[PDB]
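Let me begin by presenting the structure, written as structure tokens, before commenting on it.
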Ligand SMILES: [Mg+2]
Ligand SMILES: [Mg+2]
Ligand SMILES: [Mg+2]
Ligand SMILES: [Mg+2]
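Numbering (the entry's author numbering), first residue to last: 3 to 64, 68 to 232.
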């Protein structure tokens, strides 16, 4: 159990219910994860019609348990150790000079499937800013996510800044503050100030008529040799 549950290719299910400035929407995703290789392959669909925000702004919200960990650090993998009961993942995403997403998700196994279920509330967005104005490019940069223990709630925190490319060559910053807490009541592995590195590629299914996002991710864990 724990890391043993990720030994092969694991089916994934993602469900997001969103409300941004009162615009409600839903997203459903399906695909597979291979933690041994740090590989994720997912396809997301907006089931309610058109997405009212850019797909990229939802990437980080839409399963860090799939990171590839080198064998010595595996005893610091909070995310797999909390499995299969899972963890709660909460974020405040503050878009620079624009609005804020508040997210609460539960990540856990439902049988053989790793499930990420999310509620997202977005507030204070500008009607013709980069988000509601859809001025973000359909691409994604690579980011490191620095993970620190928070042994008071028996979990981890992370702070990181996502850089979204804007169609005019500027970069829309999305400041992320993240908290994860186990759902189960037992002890879990806590990290020694490590980081997760992620790389993402966004594309489109040519046969798909619905508003959608195909996503391929690498994700790997690594210790901080120095700053
Ligand atoms: Mg719906
Ligand atoms: Mg988009
Ligand atoms: Mg890309
Ligand atoms: Mg939490």
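Idealized CB from N, CA, C, for every residue including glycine.
Subject >> Burial state of residue 63 (16 or more Cβ within 10 Å) >> reply: buried
Subject >> Neighbourhood of residue 98 by C-beta distance below 6 Å, restricted to the same chain and skipping five residues each side >> reply: 106, 179, 181
Subject >> Which residues DSSP lists as bridging residue 182, in chain order >> reply: 97, 164
**OP:** Compute every distance between the C-beta of residue 145 and the non-hydrogen atoms of ligand 3, then say whether any falls below 7 Å.
**Re:** yes
Original post:
Relative to the alpha-carbon of residue 185, which residue among 28, 48, 46, 155 has its alpha-carbon at the smallest distance?
Top reply: 155
**OP:** Since I believe residue 109 is in contact with residue 132 (beta carbons under 8 Å), could you give me their beta-carbon distance rounded to a whole number of angstroms?
**Re:** Not quite, the Cβ-Cβ distance comes to about 26 Å (not below 8 Å), so this is no contact.
**OP:** Only counting runs of 3 or more residues, tell me where the beta strand (DSSP E) segments fall wholly within the stretch 89-146, in order along the chain.
**Re:** 92-100, 105-115, 118-128
**OP:** Could you tell me whether the stretch 36-45 touches the stretch 214-231, where touching means 3 or more Cβ pairs closer than 8 Å?
**Re:** yes
Original post:
So does residue 175 have its beta carbon nearer than 7 Å to some heavy atom of ligand 1?
Top reply: no
**OP:** Compute the minimum distance between the beta carbon of residue 111 and the heavy atoms of ligand 4, and state whether it is under 7 Å.
**Re:** no
Original post:
What are the boundary residues of the alpha helix (DSSP H) that residue 84 is part of?
Top reply: 83-86
Original post:
Do residue 60 and residue 29 come within 8 Å of each other at the CB atom, strictly closer than that value?
Top reply: yes
Original post:
Which term fits residue 33, buried or exposed, when burial requires 16 or more other beta carbons within 10 angstroms of its beta carbon?
Top reply: buried
Original post:
Is the closest heavy atom of ligand 4 to the C-beta of residue 238 under 7 Å?
Top reply: The chain is shown from 3 up to 232; residue 238 falls before or after that span and cannot be answered.
Subject >> Closer than 7 Å: residue 159 CB and nearest ligand 4 heavy atom >> reply: no
Original post:
Cβ of residue 130 within 8 Å of Cβ of residue 141?
Top reply: no
Original post:
Would the beta-carbon of residue 59 be found less than 7 Å away from any heavy atom of ligand 4?
Top reply: no
**OP:** Compute the beta-carbon to beta-carbon distance between residue 80 and residue 224, rounded to the nearest angstrom, for a pair I have assumed lies under 8 Å.
**Re:** So it is not a contact: roughly 18 Å between Cβ atoms.
Original post:
Given a threshold of 16 other Cβ atoms within 10 Å of its Cβ, counted over all protein chains shown, does residue 212 qualify as buried or as exposed?
Top reply: exposed
**OP:** Tell me whether residue 185 counts as near ligand 4, meaning its Cβ is closer than 7 Å to at least one heavy atom of that ligand.
**Re:** yes
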